[PDB]
Every structure is written in structure tokens, then in C-alpha cells.
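S.K.: this one's experimental. Sequence and coordinates below.
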Amino acid sequence: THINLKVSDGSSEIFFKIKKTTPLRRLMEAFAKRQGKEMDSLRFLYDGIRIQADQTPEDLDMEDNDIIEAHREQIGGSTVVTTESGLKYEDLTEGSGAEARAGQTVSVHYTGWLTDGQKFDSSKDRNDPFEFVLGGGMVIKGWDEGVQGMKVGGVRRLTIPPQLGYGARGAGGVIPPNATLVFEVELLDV
Ligand SMILES: C=CC[C@@H]1/C=C(\C)C[C@H](C)C[C@H](OC)[C@H]2O[C@@](O)(C(=O)C(=O)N3CCCC[C@H]3C(=O)O[C@H](/C(C)=C/[C@@H]3CC[C@@H](O)[C@H](OC)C3)[C@H](C)[C@@H](O)CC1=O)[C@H](C)C[C@@H]2OC
Ligand SMILES: [Cl-]
């Protein structure tokens, strides 16, 4: 009578247990509430087809552990860019404010995950924005490279290979050796 559905947004994988005759609205609304966003502003896909809120898992022949894609990026879709260094970035929200340039002291919120989807840190969890000198060589290389070109109000997803992160050493008993890091960075100020 109930089903578990995996919702993947490109950063994490969250699961939802829902009755097969409950409209997907419930899942979509619970997902959106986590992101601080209105449900209608997000796009959910199952088997490549747009989910409508009034559809039930029964309607769509869903089964236990089926995957739903949650699209949080701009209407029209997005592209993930791999740069010369092997850093990947994806602009989820394009900023409209000042552009971040090397040499500025910038202020951000961030969340970091491992590729398995476990969360290792968030500035949100400390209610403490994070400030750093962009291009200063004091943060990991993927950050110095990846935050450049963001605009204030922007949300950018960085996928950082370990040579641009913590390499073979890892960090703080929470980042393992040779791990890719996934950050969402929201630019607050420059
Ligand atoms: C005196 C030092 C204290 C000073 C600590 C702070 C200002 C508090 C600050 C919020 C860090 C967090 O403290 C809760 C915590 O953030 C993580 O959880 C994290 O999300 C992360 O990965 N971040 C933080 C956000 C920017 C990107 C990245 C980073 O680049 O962080 C940088 C980092 C660790 C760089 C290492 C430095 C050693 C090099 O050898 C290595 O080179 C490979 C790269 C941080 C910002 C350093 O510049 C400055 C510091 O370390 C780490 C997993 C572990 C880290 O705790 C320490
Ligand atoms: Cl509904």
C-alpha cells in the first residue's frame, strides 16, 4: 500500500514514503519546504516525464525505490561545465548583483556533500555566513576557481575533484582520502 521513492536533485538523495493513492503533491511540497521554495517553482520528473501534483504513484505505475529527478535550476534547464582543471560547476540560480572577482572578500552560505549524498557541513547549521579572500589560496583550489564569476544572489553547485580539494589526506575525520566534494554555494556579498 505504501511506496518509497528516491528523490535526486544533483546534490543529495532524500527518500519519501507515500501511500500509492496519495497525490505526489505531498512529496513535492515536503521537498520544496526543505529548500525554502514554492513547489510550483521546481520541476519533478519520473521516467523523463513531468510529474503533475495531482498524480498518484498508482497513476504512474511507480514501485518501491523508483527514482524521481528534482530540478531546482532555472526554467529552461542547465548545463554542467567542466573547466580546464577538471572542476565542474552548474549555475542553479544566476545572480543579478555584483560579480565576484579575484581579490575581493566575499560572503557566502554553503552546504557540502560527499558523492554518496551524505552531508559533511553547512554554514546554515552554524547560522554563520562564511567569508574568504577570493583567489587567496587559503581555501581549497576548487573554491578559488569556482566562486569567481558568480553574481550576488547566485547559487552555484561545485563538483570538486580531490586534486582541487583535500587529495589523499582528506580532512577532519569527515572527508575521506581521494574524495570528490559537492558544494552548493550561495553568494551573499562581494
Ligand atoms: C586556522 C585554521 C582554521 C580555519 C577554519 C575556518 C575559517 C572555519 C571554516 C568555516 C572551516 C570549517 O570549520 C568548521 C570546516 O569546513 C569544512 O567542513 C568545509 O566544509 C570545507 O571543506 N570548506 C569550508 C568552506 C570553504 C571551502 C572549504 C575550505 O577550503 O576550508 C578551508 C580549509 C579547511 C583549507 C585547508 C587548509 C589546509 C590545507 O593543507 C588544505 O589543502 C588541501 C586546505 C578553510 C576555510 C581554511 O581556509 C581556514 C581554516 O582551516 C572542512 C572540511 C573542515 C573545516 O574545519 C577546519
Ligand atoms: Cl493534488
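M.R.: Thanks, I have the structure now. Numbers count the residues shown, from 1 in each chain. Ligands and ions are numbered 1, 2, ... in the order given.
S.K.: which bits of the chain sit near ligand 1?
M.R.: For the chain, the contact set with ligand 1 under CB under 6 Å from any ligand atom comprises 110, 112, 120-121, 130, 138-140, 143, 166, 171-172, 175. C-beta coordinates here come from the backbone N, C-alpha and C atoms, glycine included.
S.K.: pull the longest helix from the protein.
M.R.: With residue count as the measure and DSSP state H as the assignment, the chain has helix 25-35 as its longest helix.
S.K.: near ligand 2, anything from it?
M.R.: Yes - Helix 25-35 is in contact with ligand 2 by CB under 5 Å from the ion, via residue 25.
S.K.: can you spell out which helices and strands pack onto that helix?
M.R.: Packing contacts for helix 25-35, counted by 3 or more CB pairs under 8 Å, 6 or more residues apart in numbering; DSSP states H and E, involve strand 2-8, strand 13-19.
S.K.: is ligand 2 contacted by the last one?
M.R.: No - if you take CB under 5 Å from the ion as the test, strand 13-19 misses ligand 2, and the best it gets is 12.3 Å.
S.K.: just the buried positions in that strand, please.
M.R.: By neighbour count on 16 or more other CB atoms under 10 Å, the buried set for strand 13-19 is 14, 16, 18.
S.K.: return the distance of stretch 15-35 from the chain's centre.
M.R.: Here the centre of stretch 15-35 is set off from its chain's centre by 19 Å, with CA atoms, centre = their mean, to the nearest Å.
S.K.: again with stretch 165-173
M.R.: Between the centre of stretch 165-173 and the centre of its host chain there is 21 Å, according to CA atoms, centre = their mean.
S.K.: what residues does that stretch touch?
M.R.: Counting by CB atoms under 8 Å, 6 or more residues apart in numbering, stretch 165-173 makes contact with 140-142, 162, 175-181, all of which sit outside it.
S.K.: farthest-separated two in these?
M.R.: Across the contacts of stretch 165-173, the longest distance by CB to CB is 18.2 Å; it joins 141 and 176.
S.K.: that concludes my questions; thank you for your assistance.
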